[PDB]
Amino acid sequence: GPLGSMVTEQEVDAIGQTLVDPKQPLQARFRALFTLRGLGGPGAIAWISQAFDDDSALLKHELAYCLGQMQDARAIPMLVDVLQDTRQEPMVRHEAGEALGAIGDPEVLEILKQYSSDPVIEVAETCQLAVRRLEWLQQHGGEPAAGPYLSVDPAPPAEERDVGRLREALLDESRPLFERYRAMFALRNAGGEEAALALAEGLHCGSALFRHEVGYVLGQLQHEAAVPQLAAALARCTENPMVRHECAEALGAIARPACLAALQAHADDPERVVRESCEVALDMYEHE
């Protein structure tokens, strides 16, 4: 019928009002956000965009992640404003850069090349990878064939199928970051213990951005073999908060007993992004 489309706009607005309200608990705001991500459309994009001046760097970066995954060019202007705003935390600017790559519209290429030399290393590296992803999409005629995960990833998976050979490529500090990412995604897609353990060695590698991506794909894979390395990374008080957050969230996704102790122990960390990631990860441990 003709009313479903009116009712849906009513529901987007109700949900958006929850997301933008700083008095709602984080978990309720995340539930709103991920619902808007799925619903899509211009109303949803506008509500998501409104929350970019929240105090939570965790929430703000998830806004950007969602805009990227939605692959709707209507988001580009806001994502550009976030990437260029030097008062935004590195992880929020990184997530906006990445999201510009995820949308796959090559109108953003000049801005991404510009921010490829940003003085914030996480931002620079993100944009370098985003440019490589856009150049790959141009060369291959569009997105890679659908893989086992529904996410829009920052690189397409490597062709190499041998887990050992993939591990070597992952851990080789002399290879360009995009090629290492391709190996990372091919390991995730291979799945299983050997791949989980190869990935987990990436938590002891050089770039912060790289180590957070390893955390993310270990949370996607949900293999318990990664737990001790994830927990160890989370426990590093000198580690980049972006990496600690991603490892907390991965622990929440895996949801085994050894994950609980780690997440509980850092629920009161001094780093807000770490506390908040544990808060959401502990809820996930709940529902699993």
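Residue positions are given as counts along the sequence shown, with the first one as 1.
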{"query": "Higher-scoring stretch by recorded Cα B factor average, 178-186 or 159-167", "finding": "159-167"}
{"query": "Higher-scoring stretch by recorded Cα B factor average, 134-142 or 188-196", "finding": "134-142"}
{"query": "Out of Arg256, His245, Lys60, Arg31, highest CA B-factor residue", "finding": "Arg256"}
{"query": "Residue with highest C-alpha B-factor in the PDB entry, from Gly215, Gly101, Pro90, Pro148", "finding": "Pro148"}
{"query": "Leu19 - which third its CA temperature factor falls in, relative to the rest of the chain", "finding": "lowest"}
{"query": "Chain thirds of CA B-factor: placement of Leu26", "finding": "highest"}
{"query": "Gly202 CA temperature factor, ranked by third within the chain", "finding": "middle"}
{"query": "Within-chain third of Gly68 by Cα B-factor, per the entry", "finding": "lowest"}
{"query": "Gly40 by Cα B-factor - lowest, middle or highest third of the modelled chain", "finding": "middle"}
